[PDB]
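*Asks:* Following this message is one structure expressed as structure tokens.
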Amino acid sequence: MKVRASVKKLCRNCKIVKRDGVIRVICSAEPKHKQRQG
Amino acid sequence: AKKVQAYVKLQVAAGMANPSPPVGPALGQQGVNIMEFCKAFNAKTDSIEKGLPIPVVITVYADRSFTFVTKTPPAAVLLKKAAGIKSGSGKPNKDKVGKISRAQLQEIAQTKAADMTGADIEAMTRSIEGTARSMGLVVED
Amino acid sequence: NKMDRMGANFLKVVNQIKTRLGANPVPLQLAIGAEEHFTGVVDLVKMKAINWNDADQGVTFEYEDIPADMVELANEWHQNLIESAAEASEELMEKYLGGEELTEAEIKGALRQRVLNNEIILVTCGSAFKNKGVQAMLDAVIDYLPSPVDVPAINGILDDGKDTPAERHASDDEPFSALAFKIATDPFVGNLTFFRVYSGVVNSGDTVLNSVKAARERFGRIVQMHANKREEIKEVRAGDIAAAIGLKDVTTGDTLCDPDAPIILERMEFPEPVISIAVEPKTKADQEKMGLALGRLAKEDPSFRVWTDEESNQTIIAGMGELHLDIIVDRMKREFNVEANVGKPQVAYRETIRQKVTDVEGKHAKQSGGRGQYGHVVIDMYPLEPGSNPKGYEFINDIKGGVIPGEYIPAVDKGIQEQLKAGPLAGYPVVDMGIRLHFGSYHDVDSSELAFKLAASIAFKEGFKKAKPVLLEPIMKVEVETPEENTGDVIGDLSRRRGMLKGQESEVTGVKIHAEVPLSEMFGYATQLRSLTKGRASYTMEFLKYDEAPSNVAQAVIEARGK
Amino acid sequence: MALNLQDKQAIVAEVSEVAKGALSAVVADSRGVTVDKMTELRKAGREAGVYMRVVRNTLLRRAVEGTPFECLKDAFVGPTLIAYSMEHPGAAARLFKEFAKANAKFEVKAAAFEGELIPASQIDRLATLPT
RNA sequence: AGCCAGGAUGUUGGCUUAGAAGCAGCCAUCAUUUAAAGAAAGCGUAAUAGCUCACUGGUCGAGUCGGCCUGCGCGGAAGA
């Protein structure tokens, strides 16, 4: 998981969820697009 | 079992019967062999194309044979061997992009309307006209 | 083998052999227990279950009763074996049709005949590590595999081929007629030649005429083997494998016999290697001490070819995989104590003009102060398309002005021959090249062709470089036959390399795919090919054309010498 | 855009072609082959006429509000997609013949010979006309 | 919003003429066939496969979709 401080929707199927105060990106296509903190 | 679902689009032109030699080997598995290497093309394509633009067949039958609903000559080879000019893509901006006439389009219908049809023989005429014309340009006749 | 391991099954393996390879396997055994419940083997002829003993004590058998957990399936494959054996001949079918089972002896003989005629394959199970099933496999070895004479009689041939020129068979009276099938490297006595005596009797020191290699040989000793230990024995007879010592001329596949000539045995076939690299010892002084071991190894092994190179001074070798060359390089370091550090084979670039002819001259004379006489010729640099003249050099004469001396015109072509072989681009032989000549200067005295040749040298080296030939790189015609699982994958690798491709045709058991690849890239291509398709691909690499490609590796020789 | 005003336009524009001629059809969205579908709507044109308009702008209520100023029961677009095909030449013309031939042969659905009707009399085809 | 499905046989494109593939480089080229042909979207894109840029009629009945400014927040934010 990337831990970049500026997470975006890098692809089509990368969505933005807000688990536990932190904004996480859960990508359903390429697990390279899992980025951690908003 | 169906129409051409062996769509490995690669072959020689209609000069030498679907020569793999000019097809190239990026084609995975399909079954071209000595059963139908020269089966129907060299028999009933002599009025279609011999050494000009030719999209190739990938058709196979339903009873261990090779048969399909065959069609007539390719339009981009009829309205281009009757037009002289071999343009189209490649130089479509500053030069003449191929000779496409109205009688050329009606003749392209008359030549490639055997089983290659559309909403009518006139719709297939619009088809072969888009063929001759959307190569990039046309001739003034 | 290896039933003892996790997920191991028997009927699935039987189905595998039945379906994939195309044969017909019949169970001669059924296994009691799959992974660790494996405790022994139940049979379908004896119809009794064997439970071997504990670790490394599996010598015993302890014949025991078939457990009821497997009685039904044992009965099913028993009857299936019964009918499949009765399938051998008619008198075994009707007797069974009468409501009576055949007996062990005739089932065994009938199946054994099936194996002789190569119709069937029998399967036995076991676990060579837990020491179970080995003896019961030996049981099958005895009961079903042909003995030397049970096999059809060997097809011997005279110096000419017929249906039965030399009907040979295993006999103490038959002529000594055998096949030297294996050589081995022995440092002590030089070589060590295995041979399987098809027919006859031969003794120590006795004569033998090498029917193929056209010489007579002798047997300094005849040693049968215990996997390494050479047992000294007096003589060897038919059906008895042995290793001959000292016979010099023979290599693999040759046929050794008496003077009565069953000279031609059928085979002279061996595969072609696919990997190639070059080698070099601790220093270039030991090169003969390296080529010597290489010669021994190439006389021992057929597929491994020591390949002295003419273009460069390297010694390249060819094998059938990364592992085979690896044993060879260590075996070379180990048995022949000269270590060779390895690299890639050098490339084979080339030179030729595109299409254009260019007019050029080169002038210099000699005798202004009374010296010897000169030469001078005008030339124009026309190429032909790659592959136009099969002879790499074609000439047309046009001398009309300053006509060079009557015995000097052919030497002008033969001197531009030197410039062709020289290849003023990077030293490489210019190919398909042509030169046309027009002018010059002469008298009716003794001029020097060498001056015309140097003159032609300056002319060649300028006019070629300014007519802009092409610096080509070796491109090979490739053929690869691989199953339909990784056609796309192997083609992908090829295109990532330099993929120029030929076509596609579906064989019975795969796909026919040919292509065009650079020899600068195909070096280690074999291991990668097999790794991309589990090693189910067949392929050979051969030359089709030379061609150019944008590459900054094109200056190595230019760096070593030349422009 | 499938708008309400443009739909009030297109519904009447599709109802006029059946208010001047004869019966039409539809075709659902369940199964269509490449060559079959292309050349088959092609042959629809070549047999019935250039009056083949596979348009689906007859929403199960939009048609019932725009076309149904007469024959108000036109909410039979509660079936699947609509590939319309009217015909000018006679009552239930070669277009309706294509409908009947494609309802069950070499196809998925051709509107199950629902057709249309200006007369809409008792349930019987028109074949009591010997010649 | 969820449930029913349809993208060539002119077009290995007239094509960097062995295509670079019915949707690689490369040019453009709806090409009527439209609940549709882009000479294309993720998988074969150097190949077909079954899912399919796109698009829609069916389904189903009250809200619905993106923006712009903005109050207040959140992550950024790790020491003895």
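Residue numbers (the deposited numbering), protein chains in the order written: chain 4, 1 to 38; chain I, 1 to 141; chain x, 141 to 703; chain 5, 1 to 131. In this text, a Cβ means the ideal position worked out from N, Cα and C, and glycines have one as well.
#1: Among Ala551 (chain x), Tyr522 (chain x), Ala689 (chain x), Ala324 (chain x), which one has its Cα closest to the Cα of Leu611 (chain x)?
#2: Given a cut-off of 7 Å, decide if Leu60 (chain 5) and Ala75 (chain 5) are closer than it, judged by their beta-carbon atoms.
#3: Return the Cβ separation of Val352 (chain x) and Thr395 (chain x) in integer angstroms, given the expectation that the two are a contact with Cβ distance under 8 Å.
#4: Closer than 7 Å between beta carbons: that is the criterion. Which residues of the region 611-632 of chain x meet it against chain I?
#5: Can at least three beta-carbon pairs, one atom from the region 595-612 of chain x and one from the region 545-565 of chain x, be found at a separation below 8 Å?
#6: Which residues in chain I sit within 7 Å of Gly45 (chain 5), going by Cβ to Cβ distance?
#7: Considering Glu420 (chain x), what are the terminal residues of the beta strand (DSSP E) in which it resides?
#8: Look at the Cβ atom of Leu577 (chain x), then the Cβ atom of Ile519 (chain x), and state whether they are nearer than 7 Å.
#9: Report yes or no: is there a C-beta of chain I within less than 7 Å of the C-beta of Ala677 (chain x)?
#10: Taking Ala28 (chain 5) and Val108 (chain 5) to be in contact with their CB atoms under 8 Å, please state how far apart those CB atoms are, rounded to whole angstroms.
#11: Select from the region 641-667 of chain x all residues with a C-beta closer than 7 Å to any C-beta belonging to chain I, and list them in chain order.
#12: Could you have a look at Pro305 (chain x) and say whether DSSP puts it in helix, strand or coil?
#13: If you pair each beta-carbon of the region 228-237 of chain x with each one of the region 96-107 of chain I, do three or more pairs fall below 8 Å?
#14: To be precise: take each residue of the region 71-98 of chain I, compare its Cβ to all Cβ atoms of chain 5, and keep it if any distance is under 7 Å. Which residues remain?
#15: May I have the straight-line CA-CA distance separating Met187 (chain x) from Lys142 (chain x), to the nearest angstrom?
#16: Which of the three DSSP states is assigned to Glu409 (chain x) in this structure?
#17: Which residues of chain 5 have a Cβ atom closer than 8 Å to the Cβ of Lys3 (chain I), listed in chain order?
#18: Give a yes or no on whether 7 Å exceeds the smallest Cβ distance from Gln29 (chain I) to chain x.
#19: Quick check on DSSP: helix, strand or coil for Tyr7 (chain I)?
#20: Could you spell out where the alpha helix (DSSP H) holding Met233 (chain x) opens and where it closes?
#21: Can the beta-carbon of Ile260 (chain x) be found closer than 7 Å to that of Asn164 (chain x)?
#22: Given a cut-off of 7 Å, decide if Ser588 (chain x) and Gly512 (chain x) are closer than it, judged by their beta-carbon atoms.
#23: Is the CB-CB distance between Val337 (chain x) and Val376 (chain x) below 7 Å?
#24: Answer yes if the region 670-680 of chain x comes into contact with the region 39-50 of chain I, meaning at least three C-beta pairs across the two stretches below 8 Å, and no otherwise.
#25: Between which two residues does the alpha helix (DSSP H) containing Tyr338 (chain x) stretch?
#26: In the DSSP assignment, what residue or residues form a beta bridge with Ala110 (chain 5)?
#27: Provide the residue(s) that pair with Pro165 (chain x) in DSSP beta bridges, ordered along the chain.
#28: Starting from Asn481 (chain x), trace the beta strand (DSSP E) both ways and give me its first and last residue.
#29: Between which two residues does the alpha helix (DSSP H) holding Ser646 (chain x) run?
#30: Among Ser660 (chain x), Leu405 (chain x), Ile157 (chain x), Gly542 (chain x), which residue has its Cα nearest to the Cα of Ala293 (chain x)?
#31: With a threshold of 7 Å on Cβ separation, who are the neighbours of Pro523 (chain x) within its own chain once the five nearest residues in sequence on each side are excluded?
#32: Roughly how many angstroms lie between the CA atoms of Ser691 (chain x) and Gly459 (chain x), to the nearest whole one?
#33: List, in order along the chain, the chain I residues whose C-beta lies closer than 7 Å to that of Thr39 (chain 5)?
#34: Keeping to the same chain, check which residues put their C-beta closer than 7 Å to that of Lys86 (chain I); ignore five residues upstream and five downstream.
#35: How would you call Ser89 (chain I), buried or exposed, if buried means at least 16 neighbouring beta carbons within 10 angstroms?
#36: Residues bridged to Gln364 (chain x) by DSSP?
*Replies:* According to the data block:
#1: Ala689 (chain x)
#2: yes
#3: 5 Å
#4: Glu624, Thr627, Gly628, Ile631
#5: yes
#6: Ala119, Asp120, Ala123
#7: 415-420
#8: yes
#9: no
#10: 7 Å
#11: If you check each beta-carbon in the region 641-667 of chain x against every beta-carbon of chain I, the ones closer than 7 Å belong to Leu641, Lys642, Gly643, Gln644, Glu645, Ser646, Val651, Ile653, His654, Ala655.
#12: coil
#13: Output reads no: the region 96-107 of chain I does not touch the region 228-237 of chain x.
#14: none
#15: 23 Å
#16: coil
#17: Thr34, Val35
#18: yes
#19: coil
#20: Element bounds for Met233 (chain x): 233-237.
#21: yes
#22: Yes, these two residues count as a Cβ contact at 7 Å.
#23: yes
#24: Contact between the region 39-50 of chain I and the region 670-680 of chain x is absent, because fewer than three Cβ pairs lie under 8 Å.
#25: From DSSP, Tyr338 (chain x) is part of no alpha helix (DSSP H) but of the beta strand (DSSP E) over 333-339.
#26: According to DSSP, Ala110 (chain 5) bridges with nothing at all.
#27: Answer by DSSP bridge pairing, in chain order: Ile261 (chain x).
#28: For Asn481 (chain x), the enclosing beta strand (DSSP E) covers residues 481-483.
#29: Looking at the DSSP string, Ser646 (chain x) is not in any alpha helix (DSSP H); the run it does join, the beta strand (DSSP E), is 640-647.
#30: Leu405 (chain x)
#31: Only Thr492, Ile493, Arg494, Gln495, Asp572, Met573, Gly574 meet the Cβ criterion.
#32: 29 Å
#33: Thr117
#34: Around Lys86 (chain I): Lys80.
#35: exposed
#36: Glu371 (chain x)
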